[PDB]
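Report on the following structure.
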Amino acid sequence: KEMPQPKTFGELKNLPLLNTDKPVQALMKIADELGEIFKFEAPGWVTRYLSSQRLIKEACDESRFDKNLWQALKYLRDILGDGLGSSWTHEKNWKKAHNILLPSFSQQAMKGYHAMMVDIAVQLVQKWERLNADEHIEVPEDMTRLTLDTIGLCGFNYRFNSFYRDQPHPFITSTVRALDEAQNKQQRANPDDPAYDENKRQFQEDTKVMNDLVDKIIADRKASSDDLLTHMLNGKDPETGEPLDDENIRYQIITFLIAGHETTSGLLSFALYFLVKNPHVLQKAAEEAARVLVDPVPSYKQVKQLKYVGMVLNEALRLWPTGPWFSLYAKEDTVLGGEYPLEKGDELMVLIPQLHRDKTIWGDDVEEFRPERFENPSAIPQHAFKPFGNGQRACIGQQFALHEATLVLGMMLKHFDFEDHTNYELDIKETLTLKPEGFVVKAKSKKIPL
Ligand code: HEM
Ligand SMILES: C[C@]12CC[C@H]3[C@@H](CCC4=CC(=O)CC[C@@]43C)[C@@H]1CC[C@@H]2O
């Protein structure tokens with residue numbers, strides 16, 4: 003009945019427990035101690051963190067709970083406005099943009115993106131083919147080169163040309179710094195203190211970087230396509246008959262450029278990490294890649310046939326879902342789990358990595374990397390596996406991400422053997438989205454021509 007809560011610090015309430023650069027990992031440790039639900043209060047906000055499938059299945063009932071803008075997401079509205087992921091479900095532009103953009107993620111759209119995804123994937127493989135003997139690969143850095151370029155090209159017919167730069171693209175640097183600031187601002191007792199004026203200035207500078215790139219993309223399109234940008238500019242919502250206005254279009258462009266790259270780069274990076282730490286799994290995945298990818302360019306159908314590679318990616322998303330949060334609020338008063346009364350408006354936060362370690366669902370070996378868990382996906386209980394969120398606010402990009410990641414990981418496993426040459430110790434960096442910081446490998450080419 004009474005809800006668990008970690009210790010408080012006077013008027014700071016629970017906030018000092020989140021003074022860390024790894025908040026999801028810190029909150030997982032609180033869930034370890036307190037169980038499937040605990041309340042957390044800051045001077046500015048209150049939420050309840052959920053970790054069990056039993057309770058999360060209830061939170062995913064859209065007749066009782068709607069998507070909530072949790073604190074860091076509210077901060078991102080300064081950049082993303084009422085773009086798709088940062089709008090309330092009841093905000094006019096959510097359903098409008100959802101209706102206008104959903105056909106850009108049809109299976110037919112995916113088939114149309116395939117050749118562009120191959121273009122960027124081939125650039126990754128060629129970069130690695132061209133390294134010298136004394137070199138290694140910076141894995142998340144190169145995955146982010148690939149995933150930013152892929153959403154640029156597929157979504158906007160724009161080439162970031164990230165493989166032509168040996169430093170991250172400036173859009174990446176500004177994305178990391180802005181999302182890091184949204185993460186950190188949550189932990190500040192007094193965010194309007196002038197101590198944080200320099201953080202505000204930098205956040206505005208990163209916002210201007212993003213908006214300058216949006217201007218270039220828009221100018222490029224004028225000076226040149231059936232893609233996301235086409236639908237932003239020309240589509241009409243079939244419900245309201247209305248188009249997106251120019252202000253919301255700008256928010257959507259930034260929205261898709263950010264969301265289209267970071268979680269997918271983290272996934273590819275974690276997937277490669279788990280493969281080199283589990284060589285027998287790597288061998289099985291590499292065997293599938295060689296058996297299926299018989300042509301120099303993978304076809305759309307061949308990527309759909311990479312079943313074990315798909316299982317590898319799902320299992321990586323099980324252990325470290327790379328956007329590890331989604332938040333709900335109670336639409337009306339209701340009792341959660343038969344035990345915890347909630348009031349209309351009360352916030353819930355789904356701790357996805359902890360959901361994915363629910364032993365009553367997965368068994369006791371929750372920490373083992375075992376892609377065979379996903380051999381028969383219909384055998385996984387409803388709402389036990391939620392790396393893409395829930396309901397009408399689930400990830401619109403889920404099929405895009407998985408097709409890109411399956412294609413790229415398949416080509417990687419076809420073209421190289423991998424060495425964990427530093428015996429890398431997993432260090433998970435959090436800037437809202439997760440990545441294995443510092444993960445490096447050496448690739449030995451299998452000498453298979455493109
Ligand atoms: C493995 C990669 C990905 C993961 C783990 C992921 C995860 C998520 C999650 C958890 C949400 C729900 C957030 C919430 O409820 O507050 C979401 C929403 C979203 N994702 Fe992704 N995502 C991935 C890839 C992508 C890609 C490639 C795109 C774009 C092409 C994308 C665009 C979006 C957008 C626009 C939303 C908001 C949807 C809406 O509210 O209408 N994501 N994603
Ligand atoms: C806001 C957004 C959907 C929610 C994303 C956000 C990028 C950062 C992010 C990381 C997470 O760990 C949870 C999901 C969030 C909070 C995405 C940027 C554009 C998309 O609309």
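For the sequence shown, the positions run 3 to 226, 230 to 455 when the deposited numbering is used. Here a beta-carbon is modelled for each residue, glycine too, at the ideal position from N, C-alpha and C.
For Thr339, the enclosing beta strand (DSSP E) stretches over residues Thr339 to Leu341.
For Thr146, the uninterrupted alpha helix (DSSP H) run begins and ends at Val141 to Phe158, by DSSP.
When DSSP states are grouped into helix, strand and coil, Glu380 belongs to the coil group. The C-alpha of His116 is placed about 24 Å away from the C-alpha of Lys451.
One residue after another in chain order, those with a Cβ under 6 Å from a heavy atom of ligand 2 are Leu75, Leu78, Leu82, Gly85, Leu86, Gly87, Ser88, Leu181, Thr260, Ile263, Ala264, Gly328, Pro329, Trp330, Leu437 and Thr438. Looking only at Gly246, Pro45, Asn239 and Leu412, the smallest Cα-Cα distance to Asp300 is reached by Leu412. In the DSSP assignment, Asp68 falls outside any alpha helix (DSSP H) and within the unbroken beta strand (DSSP E) covering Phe67 to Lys69. Exclusion of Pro18 from the 7 Å shell around ligand 1 follows from its C-beta lying no nearer than that to any non-hydrogen atom of the ligand. Within the stretch 278–350, the runs of beta strand (DSSP E) at least 3 residues long that lie entirely inside it are, in chain order, 330–335, 339–341 and 345–347. Shortest gap from the CB of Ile401 to any heavy atom of ligand 1: under 7 Å. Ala99 sits buried, since 16 or more C-beta atoms from the chains shown fall within 10 Å of its C-beta.
Close CB contacts of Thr436 within its chain, under the 7 Å cut and outside five residues either way in sequence, are with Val178, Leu181, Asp182 and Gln185 (chain order). In the three-state DSSP reduction, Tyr166 falls in the helix class (H, G or I). DSSP places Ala184 in the uninterrupted alpha helix (DSSP H) bounded by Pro172 to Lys187. Contact between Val446 and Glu424 holds: their C-beta atoms lie close to 6 Å from each other, under 8 Å.
At least one heavy atom of ligand 1 falls within 7 Å of the beta-carbon of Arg398. Per the coordinates, the alpha-carbon of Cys62 lies some 17 Å from the alpha-carbon of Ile366. Looking at the DSSP output, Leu356 sits in a beta bridge with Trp330. Counting C-beta atoms within 10 angstroms of its own C-beta, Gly265 has 16 or more neighbours from the protein chains shown and is therefore classed as buried.
About 6 Å separates the CB atoms of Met5 and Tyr345; that is less than 8 Å, so the two are in contact. The nearest non-hydrogen atom of ligand 1 is less than 7 Å from the C-beta of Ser332. For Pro142, the Cβ stays outside the 7 Å cut-off from all heavy atoms of ligand 1.
For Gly342, the CB stays at least 7 Å from every heavy atom of ligand 1.
Spatial neighbours of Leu78 in its own chain (CB-CB distance under 7 Å, excluding positions within 5 residues in sequence) are listed in chain order as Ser88 and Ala184. Secondary structure note for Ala448: its beta strand (DSSP E) is the uninterrupted segment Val445 to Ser450.
At the C-beta level, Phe173 and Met212 come within 8 Å of one another. By the Cβ rule, the stretch 327–345 counts as touching the stretch 42–57, because three or more pairs are nearer than 8 Å. Rounded to the nearest whole angstrom, the C-alpha separation of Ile259 and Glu292 is 39 Å. The C-beta distance from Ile401 to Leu86 rounds to 7 Å, short enough to meet the 8 Å contact threshold. A Cβ-Cβ separation of about 19 Å leaves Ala294 out of contact with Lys129 under the 8 Å criterion. Residue environment analysis places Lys364 among the exposed positions, since fewer than 16 neighbouring C-beta atoms fall within 10 angstroms of its C-beta. Apart from the 5 residues on each side of it in sequence, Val124 sits with its Cβ closer than 7 Å to the Cβ of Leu455 in its chain, given in chain order. Under the DSSP assignment, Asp194 falls outside any alpha helix (DSSP H); it carries neither an H nor an E label. Only buried fits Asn319, as 16 or more other CB atoms lie within 10 angstroms of its CB. Exposure of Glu137 is indicated by the presence of fewer than 16 other C-beta atoms within 10 angstroms of its C-beta.
Annotation: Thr22 to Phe162 spans about 33 Å, alpha carbon to alpha carbon.
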